[PDB]
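Peer 1: Task: produce atomic coordinates for the following.
(one chain, ligands or ions: 5)
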Amino acid sequence: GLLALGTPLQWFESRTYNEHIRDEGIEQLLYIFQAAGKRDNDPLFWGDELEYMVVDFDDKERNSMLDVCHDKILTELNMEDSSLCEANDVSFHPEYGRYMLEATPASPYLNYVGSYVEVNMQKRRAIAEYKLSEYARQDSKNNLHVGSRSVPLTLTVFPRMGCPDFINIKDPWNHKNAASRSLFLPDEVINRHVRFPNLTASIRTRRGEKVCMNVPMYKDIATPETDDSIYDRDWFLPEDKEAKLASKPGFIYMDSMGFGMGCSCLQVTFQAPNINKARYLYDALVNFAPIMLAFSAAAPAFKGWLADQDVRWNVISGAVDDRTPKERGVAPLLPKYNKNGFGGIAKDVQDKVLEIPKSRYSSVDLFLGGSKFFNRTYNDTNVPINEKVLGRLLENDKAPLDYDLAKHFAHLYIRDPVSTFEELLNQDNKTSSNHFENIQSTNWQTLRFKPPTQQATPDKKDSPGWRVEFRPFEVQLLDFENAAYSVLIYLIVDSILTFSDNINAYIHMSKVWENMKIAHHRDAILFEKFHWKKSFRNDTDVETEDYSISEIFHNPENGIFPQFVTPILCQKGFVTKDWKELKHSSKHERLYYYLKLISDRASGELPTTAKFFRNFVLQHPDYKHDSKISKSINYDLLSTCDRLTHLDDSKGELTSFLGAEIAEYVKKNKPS
Ligand SMILES: Nc1ncnc2c1ncn2[C@@H]1O[C@H](COP(=O)(O)OP(=O)(O)O)[C@@H](O)[C@H]1O
Ligand SMILES: N[C@@H](CCC(=O)O)C(=O)O
Ligand SMILES: [Mg+2]
Ligand SMILES: [Mg+2]
Ligand SMILES: [Mg+2]
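Peer 2: Numbers count the residues shown, from 1 in each chain. Ligands and ions are numbered 1, 2, ... in the order given. The coordinates are given below.
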């Protein structure tokens with residue numbers, strides 16, 4: 001489904017309704033609860049979301065660019081080609097990036113669907129490729145993008161983002177980018193749907209300074225002292241003057257939403273039997289998030305540089321961080337512009353501003369509790385709340401909520417709305433959840449607790465129930481990797497729900513936040529250590545020790561395989577003792593190779609995508625020992641990515657990247 005249009009409101013015009021929107025949205029929340037609160041027995045439907053990047057290989061120029069010109073695809077697949085999609089059980093939606101695709105199954109999977117995940121993901125890829133080859137045919141006849149070859153790649157990061165000649169538009173700086181006002185990203189990186197440039201503007205204005213994301217550079221032998229791509233400019237005030245102050249020696253400087261939301265990830269959503277189970281599942285998936293973030297790492301480079309981290313998360317965290325310097329407890333960089341650190345916050349409300357520690361895109365703040373093992377002391381972190389909102393969720397005549405669950409919403413509501421259409425100002429709170437969806441959906445966290453709609457009353461057995469979204473996974477090049485990780489979380493989720501009586505996953509939130517920073521460090525999967533529970537089978541216990549990813553996956557006591565994966569395969573009867581038995585199974589071979597891919601990366605035998613791209617850059621003939629990714633390095637890299645994506649072992653790169661056994665296996669074995 002394509003996002004439907006309207007009159008967007010710019011920040012100065014919109015900010016006067018922040019409070020109207022919040023009130024009305026809570027009201028809607030209340031109705032959702034009153035109507036759907038008592039759903040029970042919802043089945044385990046679930047599905048993934050994939051995100052893709054259309055890359056234009058200009059082979060003759062030896063240049064890989066982001067393709068910002070075939071974006072009609074997203075409308076085509078949703079109008080005249082919406083039937084191809086449906087026939088095929090796939091669905092396409094727009095994403096921040098004009099070069100980006102997003103796609104899901106058209107219907108959620110029900111329980112264990114085997115290789116069908118991968119099948120469905122491959123159909124998504126084939127359809128994009130199909131339409132692209134169509135455009136290539138039309139273009140040829142219209143004499144357009146000559147020498148050009150567009151391919152969709154599930155990259156987490158585009159390695160040359162905001163670097164010279166990184167988009168397939170001639171002379172993109174010959175006009176101004178009023179939306180980002182970025183030094184590096186022409187606004188053509190933004191998807192045309194009004195919502196996206198709106199968000200981009202609203203945050204910058206609210207903030208009163210460009211977003212700013214500094215990423216530690218890798219320290220090669222000739223690496224410059226500073227990010228020498230910073231330049232001075234006079235299009236925009238204050239923005240063009242901000243760089244000198246905001247940047248830092250030994251740090252990749254990035255200054256635009258697209259650096260973050262122009263990144264891709266894998267997401268999986270799950271429906272629990274009911275709100276109570278959903279709380280329990282959400283809570284228990286909290287510490288999986290930073291672990292899977294480390295495990296899945298696929299983004300070792302930004303803005304032309306090898307970074308000294310392997311994942312996207314902090315970059316996306318900064319890319320939409322609407323916090324004024326007031327909200328961050330820091331000096332404005334340009335005080336005559338950003339008046340008293342309040343940026344765009346209306347005068348009449350500056351007095352009710354709070355120091356807020358985390359970007360509205362950031363790791364979960366609070367366990368929701370409501371289950372045997374939960375105790376409020378686990379929420380041991382700084383989490384500012386909207387007390388009016390808490391008040392009203394505690395004391396109202398439609399759905400009085402428990403304190404813990406009230407606090408979660410109360411925390412989401414410390415944010416202002418950042419894109420609102422004029423049409424939409426007054427809703428019927430009994431039927432619309434749009435206003436709440438405004439705040440719900442611009443709190444982008446590692447999980448998301450998804451209420452349903454007011455229309456999802458218990459008698460309606462088919463409407464979406466109470467869901468948990470697992471958001472941290474970096475996205476992988478191959479549909480096999482992404483299916484594998486999708487099934488991993490599926491199994492974990494199933495385990496969790498099947499043994500809900502016996503699994504205590506709680507740990508102090510503060511260790512989770514720490515985990516979330518460890519998870520960024522370069523080669524983290526290979527050696528760093530994380531706070532993980534000592535035992536899950538054990539009421540009244542919340543000890544952690546510090547384990548490696550290898551341990552966290554494989555420890556008999558508290559490992560993901562022996563504690564989560566292996567047990568649920570037993571009660572389903574896929575094996576009797578051990579997951580490895582699958583290698584020999586008739587009905588279930590592919591599952592073996594998923595889990596083995598998973599195992600072998602956790603134990604460091606097989607590399608992460610992040611590792612593999614790093615090695616690749618580091619040993620490229622044109623590599624200059626200075627952390628620089630040149631057009632050429634980028635081109636050959638993305639060329640490998642293309643072949644890898646297609647199981648093309650002609651240069652032994654697949655064997656090199658998945659090892660012999662698995663490479664052979666997938667080369668010789670297509671899904672279901
Ligand atoms: N009943 C359901 N239970 C769980 N997950 C579902 C259900 N229906 C759809 N999904 C999945 O929810 C995800 C939401 O898709 P999307 O429209 O991209 O929303 P968002 O961007 O809010 O995650 C998809 O992966 C989809 O297949
Ligand atoms: N592309 C974002 C996900 C944002 C979204 O689509 O909800 C990420 O890497 O997390
Ligand atoms: Mg989506
Ligand atoms: Mg998405
Ligand atoms: Mg999602």
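Peer 1: Which strand or helix spans residue 117?
Peer 2: Using DSSP states H and E, residue 117 sits within helix 116-141.
Peer 1: contact partners of the helix or strand containing residue 595?
Peer 2: Assigned by DSSP H and E, residue 595 belongs to helix 589-602. Under the criterion Cβ atoms under 8 Å, 6 or more residues apart in numbering, residues 114-115, 118, 295, 480-481, 483-485, 487-488, 525, 549-550, 552-554, 560-561, 565, 574, 579-580, 582-583, 585, 606-608, 658-659, 661-662, 665-666, 669, 671-672 lie in contact with helix 589-602. Yep, even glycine has a C-beta here, placed from its N, CA and C like the rest.
Peer 1: and the helix holding residue 117, how far out from the chain's middle?
Peer 2: Here helix 116-141 is found 23 Å from its chain centre; the criterion is Cα atoms, centre = their mean, to the nearest Å.
Peer 1: any idea which helix or strand comes after it?
Peer 2: Per DSSP H and E, the first helix or strand lying C-terminal to helix 116-141 is strand 148-153.
Peer 1: hmm, the next helix-or-strand element following that next one in reach of ligand 2?
Peer 2: Sequence order places helix 195-207 as the next helix or strand after strand 148-153, per DSSP H and E. No. Counting by Cβ under 6 Å from any ligand atom, ligand 2 has no neighbours in helix 195-207; the shortest distance is 11.3 Å.
Peer 1: what helices or strands is helix 195-207 leaning on?
Peer 2: Secondary-structure packing of helix 195-207 (3 or more Cβ pairs under 8 Å, 6 or more residues apart in numbering; DSSP states H and E): helix 11-14.
Peer 1: Would you pull up how far the helix it packs on lies from the middle of the chain?
Peer 2: Worked out by Cα atoms, centre = their mean, helix 11-14 lies 28 Å from the chain centre.
Peer 1: since we're on residue 12, how many residues are nearby?
Peer 2: 12 (other Cβ atoms under 10 Å).
Peer 1: dump the residue contacts of it.
Peer 2: 205, 344.
Peer 1: Please tell me how far it sits from ligand 2.
Peer 2: 26 Å (Cβ to the nearest ligand atom, to the nearest Å).
Peer 1: about what we covered before: after the helix holding residue 595 comes which helix or strand?
Peer 2: Next helix or strand after helix 589-602 toward the C-terminus (DSSP H and E): helix 609-619.
Peer 1: how far off helix 609-619 does whatever helix or strand comes next after that next one point, in degrees?
Peer 2: Next along the chain after helix 609-619, taking DSSP H and E as the criterion, comes helix 631-645. With axes from the mean of the first three to the mean of the last three Cα atoms, to 10 degrees applied, the angle from helix 631-645 to helix 609-619 works out at 140 degrees.
Peer 1: list the buried ones in the helix or strand just after helix 631-645?
Peer 2: For helix 631-645, the following helix or strand on the C-terminal side (DSSP H and E) is helix 653-667. Neighbour-count burial for helix 653-667, counted by 16 or more other Cβ atoms under 10 Å, picks out 653, 654, 656, 657, 658, 659, 662, 663, 665, 666.
Peer 1: The first one reaches residue 640, doesn't it?
Peer 2: Read that as residue 653. Yes. Counting by Cβ atoms under 8 Å, residue 640 is a contact partner of residue 653 at 5.3 Å.
Peer 1: quick one: stretch 68-83 near ligand 1?
Peer 2: No. Counting by Cβ under 6 Å from any ligand atom, no contacts exist between stretch 68-83 and ligand 1, the nearest distance being 12.5 Å.
Peer 1: Please spell out which residues along that stretch are buried.
Peer 2: Judged by neighbour count using 16+ other Cβ under 10 Å, the buried positions of stretch 68-83 are 68, 69, 70, 71, 73, 74, 75, 76, 77, 78, 81, 82.
Peer 1: The stretch 401-550 of the chain: helices as residue ranges?
Peer 2: 403-412, 434-440, 479-498, 509-518, 524-527, 549-554 (DSSP state H, counting those that start in this stretch).
Peer 1: Distance from the chain centre to the third one, please.
Peer 2: If I follow you right, that is helix 479-498. On Cα atoms, centre = their mean, the centre of helix 479-498 falls 17 Å from that of its chain.
Peer 1: how big is the angle separating that helix from helix 653-667?
Peer 2: 60 degrees.
Peer 1: list the buried ones in helix 479-498?
Peer 2: 479-497.
Peer 1: what's the distance between the nearest residue to residue 212 once chain neighbours are set aside and residue 74?
Peer 2: Nearest non-adjacent residue to residue 212, counting by Cβ to Cβ, 6 or more residues apart in numbering: residue 246, 4.5 Å away. Distance, residue 246 to residue 74, using Cβ to Cβ, to the nearest Å: 33 Å.
Peer 1: Equivalent analysis for residue 329, please.
Peer 2: From residue 329 to residue 74 the distance is 41 Å (Cβ to Cβ).
Peer 1: now swap in residue 652 and tell me
Peer 2: In terms of Cβ to Cβ, residue 652 sits 36 Å off from residue 74.
Peer 1: Might you enumerate the residues of the stretch 151-300 of the chain proximal to ligand 5?
Peer 2: residue 267 (Cβ under 5 Å from the ion).
Peer 1: what does the stretch 151-300 of the chain have sitting close to ligand 1?
Peer 2: 267, 269, 270, 271.
Peer 1: domain ranges for this protein?
Peer 2: Here the domain assignment for the chain is 7-40+322-445, 41-321+446-522, 523-606, 607-672, based on curated CATH domains.
Peer 1: Can you say which of those domains is packed in most?
Peer 2: Neighbour counts (mean count of other Cβ atoms under 10 Å) averaged over each of the domains of the chain peak at domain 41-321+446-522, with a mean of 21.
Peer 1: how far does that one sit from the chain's center?
Peer 2: That offset, for domain 41-321+446-522, works out to 5 Å (Cα atoms, centre = their mean).
Peer 1: And the helix holding residue 117, what does it pack against?
Peer 2: strand 45-58, helix 73-76, strand 90-93, strand 100-105, strand 148-153, helix 479-498.
Peer 1: Ignoring the adjacent residues along the chain, who's closest to residue 289?
Peer 2: residue 446 is the one closest to residue 289 (Cβ to Cβ, 6+ apart), at 3.6 Å.
Peer 1: what residues are up against the one you found?
Peer 2: Per Cβ under 8 Å, 6+ apart, neighbours of residue 446: 286, 289, 290, 293, 363, 364, 470, 471, 472, 516.
Peer 1: list the contacts for whichever residue of the chain sits closest to ligand 1?
Peer 2: The nearest approach of the chain to ligand 1 comes at residue 47, 2.4 Å away (Cβ to the nearest ligand atom). Listed by Cβ under 8 Å, 6+ apart, the contact partners of residue 47 are 104, 105, 107, 108, 109, 268, 269.
Peer 1: Next, give me the two most distant ones among these.
Peer 2: For those, the farthest-apart pair by Cβ to Cβ is 107 and 268; their separation is 15.1 Å.
Peer 1: Good, wrapping up.
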